[PDB]
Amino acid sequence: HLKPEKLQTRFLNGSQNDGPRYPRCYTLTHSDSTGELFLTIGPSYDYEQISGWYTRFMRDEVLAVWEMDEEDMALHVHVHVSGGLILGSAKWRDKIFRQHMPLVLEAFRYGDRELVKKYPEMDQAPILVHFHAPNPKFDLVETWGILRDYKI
């Protein structure tokens, strides 16, 4: 489980804690030196946060995008299981991301909690997780419940 006091939240221009609902993207990284999680909420992804040779080599970020559909919205989450010149085998990386996915989704719903309060319908929205890999074995899109399931 998530430790709220270890979660820093930043907003990109065009996004605030009260909206808008769309466009709305999440960028999530961490530091194993401090154990803290860093969440940016914005119209798109946080390119400062995912910059530098380190994150390009570890590719440990979690990105997410709220997508409009006919039944309100859905959250599309993305993690880089394999591909390119990165640390770790596809099978390790897949195992660690799956391990930490409940923590990831808890950070999204704690971090953006004011918006859930304002629009309780997002808290029923489905969560779709795409484990990206070149290999069909690991390239999987999965439903991981809804947002209220990750209430802390």
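Residue numbers here begin at 1 and follow the sequence given.
Mean CA B-factor, 58 to 66 versus 97 to 105: the higher value falls on 97 to 105. Considering 44, 33, 29, 40 together, the PDB entry gives 33 the largest C-alpha B factor.
Residue 139: CA B factor in the lowest third of modelled residues in this chain (values from the PDB entry). Annotation for residue 88: C-alpha temperature factor in the lowest third relative to the rest of the modelled chain, per the entry. Per the PDB record, residue ranking by Cα B-factor puts residue 121 in the highest third of the chain. In this PDB entry, residue 114 carries a Cα temperature factor that places it within the highest third of its chain's modelled residues.
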